[PDB]
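1. For now just these chains, pulled out of the complex without moving them:
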Amino acid sequence: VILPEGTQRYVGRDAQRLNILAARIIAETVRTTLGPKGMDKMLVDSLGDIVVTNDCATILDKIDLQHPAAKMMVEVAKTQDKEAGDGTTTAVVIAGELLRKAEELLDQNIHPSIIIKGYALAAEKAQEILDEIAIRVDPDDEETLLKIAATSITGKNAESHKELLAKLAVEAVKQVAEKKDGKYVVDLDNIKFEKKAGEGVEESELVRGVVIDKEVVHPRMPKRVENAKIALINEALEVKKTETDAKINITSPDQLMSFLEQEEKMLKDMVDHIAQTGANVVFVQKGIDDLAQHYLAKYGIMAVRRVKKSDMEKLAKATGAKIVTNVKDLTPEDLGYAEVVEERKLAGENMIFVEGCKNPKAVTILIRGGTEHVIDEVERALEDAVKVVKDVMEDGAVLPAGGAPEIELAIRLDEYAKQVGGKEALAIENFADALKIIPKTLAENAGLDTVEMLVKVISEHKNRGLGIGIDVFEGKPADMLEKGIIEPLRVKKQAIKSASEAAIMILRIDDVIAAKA
């Protein structure tokens, strides 16, 4: 034929209008979750599985979006979550709003070219305004670092114990943190989250070490060790074999017994190499023969087999131990330390706690909660609580919350609009207006008077200053700095980046050609 049937195409206004609509819809879908008063969503996938969350990234990810432009709105939250860790909603909402105001200009007949260029200037000029107004704080200031973490947790469900969770999140990042070049660098992978139902979120805590979901491989081995000298062996503690094909040919009765002992020996020899280093705790990545388990047990050594590669590494980093491939070359220096290593039946489940390490470079947070739901949402809160603390240590720059930065950006970006002037100024004025959905949908979700509320806030801000924003807990504008309600200078900078990029990306597509969706 001439072109695949069932393949639709849209051009000009059509393409743009739809893409913008799609994006806007998806955006309004998540805006009901913005801020402390935000509502939750219930996602029921095709396999009955139920996900109840406040998290934008999860919602957009779990929801089966079909329209292309709406799938692009997912990337926005994806990039946000991966760069600043928080403000995923903020970015998606601003992206849709930007796209709405952008259409107003299109209807008005302004060339897409002009709108794009104006958004760029408004965007670039926006970063500038933020870097400048950013309250530069001390990279490791316990004080402000606790606030950043708590303000992040006060946006989701588990805000009932923002106290504890913030403490743990700040604590856990300071521990695994790294600063040998002047400024900090935080590899968050060095923080494992352990979730176990039962108890209360009150029982959640920081394990300065690692928690592994395995058990002691043999009955006779110790279930607890005081000052453990841990050995990390990534080798199969079993009867080795030659690469070259080989088979034993018993020719006389006494051979049956000799060969078995030959292997017992081999097995007992490897275990000896491990006992000699003075190790009383061994984590093996591969398997462990039964006989090897026997000798290991006699020496009063605690061993666990089939340890997850990712677990091995966290043990190495938390105990100071060294992973080895050959037991023969194992030395006491390869061993690591843990003030206590014990198997505990937490919720009828057997887990091993490698706690009380010297100075772990990897640490674990144990999350406790009444239901799977309570837990999964607390973990989601901590991951943001942690990702933001990480941003402040590497950045040493914070901003007030409650739309305060967007209000400032709006007011300011409008002046800039004037000096730019022309068609461009229209785009720059619209872009600056768009930034208001944050303060807007913030008081909205809180059940306040949008229209009226936004007028007092743009007033106070113009009067009192940059620290003025909306306080959904106050129902009135307030100095967010005085209330410690702040957020990473990176969260805003990345939201603005992602949003405008998306907005502009769509504003540039003048034709859509799809086949089956």
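-> In hand now; what should we look at? Numbering: from 1, shown residues only, chains lettered A, B, ... in the order given.
2. distance from the centroid: which residue in chain A tops it?
-> The outermost residue of chain A, judged by C-alpha distance from the chain's mean C-alpha position using Cα atoms, centre = their mean, is residue A:252 at 64.0 Å.
3. list the contacts for that residue?
-> Applying Cβ atoms under 8 Å, 6 or more residues apart in numbering, one finds that residue A:252 lies in contact with no residue. Heads up, the C-betas are built off the backbone N, CA and C, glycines and all.
4. Now it: phi and psi?
-> phi -140, psi 150 (degrees, to the nearest 10).
5. Now residue A:450: closest residue in space that isn't a chain neighbour?
-> Counting by Cβ to Cβ, 6 or more residues apart in numbering, residue A:450 lies nearest to residue A:444, which is 5.0 Å off, once chain neighbours are set aside.
6. can you confirm the one you found is in a helix?
-> Yes. Counting by DSSP: H, G, I helix; E, B strand; the rest coil, one finds residue A:444 located in a helix.
7. give me the number of residues near it?
-> Residues contacting residue A:444 under the criterion other Cβ atoms under 10 Å number 21.
8. correct me, but it touches residue A:452?
-> No. Between residue A:444 and residue A:452 no contact is recorded; they are 11.7 Å apart, counting by Cβ atoms under 8 Å.
9. In chain A, where's the longest helix?
-> helix A:372-395 (DSSP state H).
10. Point out the other helices and strands that that one packs with.
-> Secondary-structure packing of helix A:372-395 (3 or more Cβ pairs under 8 Å, 6 or more residues apart in numbering; DSSP states H and E): strand A:50-53, helix A:142-153, helix A:162-176, strand A:183-185, strand A:191-197, strand A:363-369, strand A:486-488, helix A:489-507.
11. throw chain B on there as well:
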Amino acid sequence: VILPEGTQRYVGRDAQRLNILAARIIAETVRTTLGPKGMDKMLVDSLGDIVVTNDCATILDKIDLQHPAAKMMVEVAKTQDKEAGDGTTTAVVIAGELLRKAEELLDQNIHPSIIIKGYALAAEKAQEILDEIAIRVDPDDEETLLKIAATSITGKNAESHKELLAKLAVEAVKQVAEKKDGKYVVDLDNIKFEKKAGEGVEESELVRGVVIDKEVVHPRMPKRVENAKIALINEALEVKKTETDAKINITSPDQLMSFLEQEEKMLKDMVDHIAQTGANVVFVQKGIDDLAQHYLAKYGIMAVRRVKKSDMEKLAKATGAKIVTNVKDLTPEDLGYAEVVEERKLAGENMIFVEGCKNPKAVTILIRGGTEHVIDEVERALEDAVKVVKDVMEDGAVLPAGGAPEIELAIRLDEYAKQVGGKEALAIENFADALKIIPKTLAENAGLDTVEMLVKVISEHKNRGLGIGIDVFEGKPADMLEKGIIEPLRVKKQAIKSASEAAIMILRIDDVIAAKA
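-> Putting chain B together with the chains above:
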């Protein structure tokens, strides 16, 4: 069941959303025809019938609207066309736009109550402002009446001879106009339109009488009468019969003859009663026997039968003759005068022209054109032309064209908003901004830069005063007064009532319940 199935329903956001959207769609369908540059639409009905026009009223009507809120938009053009006769498109567009700016306020969470109240104040205050700025003129000032007529014809197809047509229109309304109470009063029904194909719109002329589409009932009757004495008879010129059932019983041969003669006599006795008044031209509403015809012929009288009651009434006002029910009581005080009455074969189509009438109180405008479409559209042009000339003679007030009044209204109404303040001020301010679609879409249909051109006009007007509007032929702002381009103060006053009412009616519906559409 509970509520009939196949019955849909919407509430709140849903209802309004869908109603506003439906209205807007309709509005934007006709907006491409606004102004002199506007475009025509081709409408093909279910029966293959073709209609090409620029008229909103015709379009909204021929197009089969299905959605409820969209049919209510047809009511707006209907009200307008039966009150000011012009600006049907204008009323609709301002209505849709008035709704669009209204949804923006709903989204902002403003109670529909507040918006309606605000739109009411704006609409009320606008009649007031129009009344004020209105340029009072002389009820019969031949001058401004010729402009108003041509400014109207210009905005349509026919603007190619706005000269001739605007003349025929001002001339024809002055002739049939009435005024015995101090002020004029025009009954447009007294102006008949005669459409006939062939020639050019150039041959279109005013007939100070009436054109009728009938023939001279008999071959030997006069095809022309100089100073005609006209008789208007609404009685059948045929052998009357008794209400009481009756039948003749011929009993002897001589009776066949004797009876036929008794009828001839009855027939002739009537033709006599007519000839004796001096009437040389007879118009009969009912039928005419063949003998009654032969007599009228022999007396040199010209007769026409089966004349439309509506045509009889027009001849009554045009020749000053009186309609009579009984020929026996026909006095010559009942005859009428027409300078010439003749049967012309206009396009192979025989017709009777009754021209040269004394002071006709009813007249006829004959239209000529190449195609059926040319004529129909010329007729439509003349109807608005006549209808406007009527508003001025009755109203004695005009306004500048090109969206000048709406621009003045926009500007002033905003100030009013300021002084009214509150949430309503937002409704009022929006209403004011809404009015800008006329200049906006006027320039747009012209091919001008909307955004830019609209800044120029709001400027000039803001400086050079009320007469400044946009001129699609000039492609820039001008003083509409100096250009002579104007419209009736009624056209704008009605467009506002019509549109604002429609808008408020829709804004009030919070629930739609339909069974099959």
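12. same question on the neighbour count of residue A:444, but with chain B included?
-> The local packing count at residue A:444 equals 23, with neighbours defined by other Cβ atoms under 10 Å in any protein chain shown.
13. likewise the one 4 residues further on?
-> A count of neighbours around residue A:448, defined by other Cβ under 10 Å, yields 19.
14. can you pull the contacts of it?
-> Residues in contact with residue A:448 (Cβ atoms under 8 Å, 6 or more residues apart in numbering or on different chains) are A:470, A:472, A:475.
15. so what's residue A:297 closest to, chain neighbours aside?
-> residue A:220 (4.0 Å; Cβ to Cβ, 6 or more residues apart in numbering or on different chains).
16. Please work out how many residues are found near that neighbour.
-> By the other Cβ under 10 Å criterion, the neighbourhood of residue A:220 contains 11 residues.
17. again, but for residue A:202
-> Residue A:202, neighbours per other Cβ under 10 Å, totals 12.
18. nearest spatial neighbour of it, skipping sequence neighbours?
-> Closest residue to residue A:202 in three dimensions, ignoring its sequence neighbours and counting by Cβ to Cβ, 6+ apart: residue A:161, at 6.4 Å.
19. wait, the one you found sits on residue A:169?
-> No. Taking Cβ under 8 Å as the contact criterion, residue A:161 and residue A:169 are not neighbours in contact, 11.7 Å apart.
20. Between the two, point out the one with more neighbours.
-> Neighbours around residue A:161 and residue A:169, counted as other Cβ under 10 Å, are more numerous at residue A:169. The numbers are 31 against 17.
21. what sits against that one?
-> Residues near residue A:169 by Cβ under 8 Å, 6+ apart: A:149, A:153, A:365, A:382, A:385-386, A:389.
22. again, but for residue A:168
-> With Cβ under 8 Å, 6+ apart, residue A:168 has these contacts: A:204-206, A:365, A:382.
23. here's chain C, drop it on:
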Amino acid sequence: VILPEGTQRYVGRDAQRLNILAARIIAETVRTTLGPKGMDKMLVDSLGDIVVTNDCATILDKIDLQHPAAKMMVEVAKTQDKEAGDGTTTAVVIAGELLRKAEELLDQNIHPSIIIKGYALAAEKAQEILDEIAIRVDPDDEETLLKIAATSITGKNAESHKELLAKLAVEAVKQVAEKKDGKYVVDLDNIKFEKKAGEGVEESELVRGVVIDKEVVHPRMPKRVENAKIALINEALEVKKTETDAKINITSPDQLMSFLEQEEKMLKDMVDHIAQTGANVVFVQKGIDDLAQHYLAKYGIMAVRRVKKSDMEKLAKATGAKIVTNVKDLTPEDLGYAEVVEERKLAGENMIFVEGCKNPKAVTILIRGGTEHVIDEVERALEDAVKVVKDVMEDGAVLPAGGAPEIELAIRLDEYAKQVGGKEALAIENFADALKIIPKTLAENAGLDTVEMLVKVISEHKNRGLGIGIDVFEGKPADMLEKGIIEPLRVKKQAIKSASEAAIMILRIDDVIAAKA
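-> That brings us to chain C, laid onto the chains above:
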């Protein structure tokens, strides 16, 4: 079979549960139209037809309820509209509400019997409490009568002219009103409503006579009579025939004429009989032969044929004329007087106005307006306005509005519940509570804080007194008496009566058996 398949049946819990649901659903549908701030609904019948209203009665009637318990809710509005004309929404709401609280008591396992008996006691005590607190007024006090009417018109669309319309209604009812037994008695059938599109609701006038949609039958007759002596003839002015079959047998030529003349004569003598009374205006219920028209024209008499039987009686009551079956007995004492009877062409349509009547016992209200919808709704407003004025003149007792009565009934009916005690007390308490949906949905439709508002109002009322209610225009509690916002003591009495009976009726159905719906 045993019982037709497709015959659903419900019992006890089920039956009552569903009935109460269907009842409440209907109730909630209309409660959004309660009060001055209420919304309108758009009704689209399967044939396309569009109806936009605020009138509960029209909505319940237009919608196609299918459920039995829902249809019963239409009867509530019907009875309300026929006993007090206003408060149709109020009764349907308090009914569904009563059913809601009633089920609460059913779930508590209280026997339907008890709920029914407690509701009857609450209902009974209600009237009593209403008669007592009712503010007795002077049956014809022009003041309170003008309020009642405006207070009523304010609760619908056309409140933009609560002023004009209220006047027209108090006036129209004071006229046609009758009272010879001491107290008043109004027959609203003597108030015809005439609706014609065009103009504004401003030109609405009270024709102290009758407007008829017919025209002067003959051309040569007067289209206007100064001091009319009117004849109401219910007889056909045409050649009478015998009951006994008959037919004329013409035998000689001279007969064709002698017979026609004999009929002309018959006809003429009928007209002579009418002329001899001095009558210049004739209204004939039946036909009017052609000749009969001609003779009537010569005498300079204005005649209209085919007048509606309903119209004839209005003419008889307005002009004082007496309908006559036989022209032969028409005497001058049968004629009636009208200061002016003229054929005016209102809204392009010919009509006959009979105004300036002596002391009309029947009067017409002419309604003007832009669209058909503005018209129909104004009429609905007026019918309620007329009907409330009627209640006060007959009752001579009023009450404050904005829920003031219901608040008083709630507060009071509770103490009554105390003295009754037992399960009954629970039914009585719930009944007293249900009555709050009025103040409740009144503030709710306005957009006020339902919960908080309903507490300020019960407080004030407990303090200031019976006149304390909600003023949707004030957004706060107010003394409705000092405000002039009042309603007929009958409307409230009838609401309780209606609702409680409807409720008790359903509370009594323990089994439902249906075949197809």
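24. What packs on helix A:372-395 again please, chain C included this time.
-> Using 3 or more Cβ pairs under 8 Å, 6 or more residues apart in numbering or on different chains; DSSP states H and E as the contact test, the elements touching helix A:372-395 are strand A:50-53, helix A:142-153, helix A:162-176, strand A:183-185, strand A:191-197, strand A:363-369, strand A:486-488, helix A:489-507.
25. Find the one among these with the highest mean neighbour count.
-> Each of the helices and strands packed on helix A:372-395 was assessed for mean neighbour count using mean count of other Cβ atoms under 10 Å in any protein chain shown. The highest is strand A:486-488, with a mean of 28.
26. Quick check: buried residues in the longest helix of chain A?
-> By neighbour count, and taking 16 or more other Cβ atoms under 10 Å in any protein chain shown as the criterion, the buried residues in helix A:372-395 are A:374-395.
27. what about the residue farthest from the centre of chain A, distance to residue A:246?
-> Distance of residue A:252 to residue A:246, given as Cβ to Cβ, to the nearest Å: 19 Å.
28. likewise residue A:235?
-> The gap separating residue A:235 from residue A:246 is 20 Å, by Cβ to Cβ.
29. ok, those two, which is more surrounded?
-> Between residue A:235 and residue A:246, residue A:235 has the larger neighbour count (other Cβ under 10 Å), namely 19 against 7.
30. what's near enough to touch residue A:60?
-> Residue A:60 makes contact with A:26, A:30, A:73-74, A:77, A:92 under the criterion Cβ under 8 Å, 6+ apart.
31. run the last query once more with 6 Å
-> When contacts are counted by Cβ atoms under 6 Å, 6 or more residues apart in numbering or on different chains, residue A:60 is found next to A:74, A:77.
32. Skipping adjacent residues, who's closest to residue A:213 in space?
-> residue A:351 (5.1 Å).
33. before we move on, what about residue A:55?
-> When the adjacent residues along the chain are set aside, residue A:55 lies closest to residue A:380, with 5.2 Å between them (Cβ to Cβ, 6+ apart).
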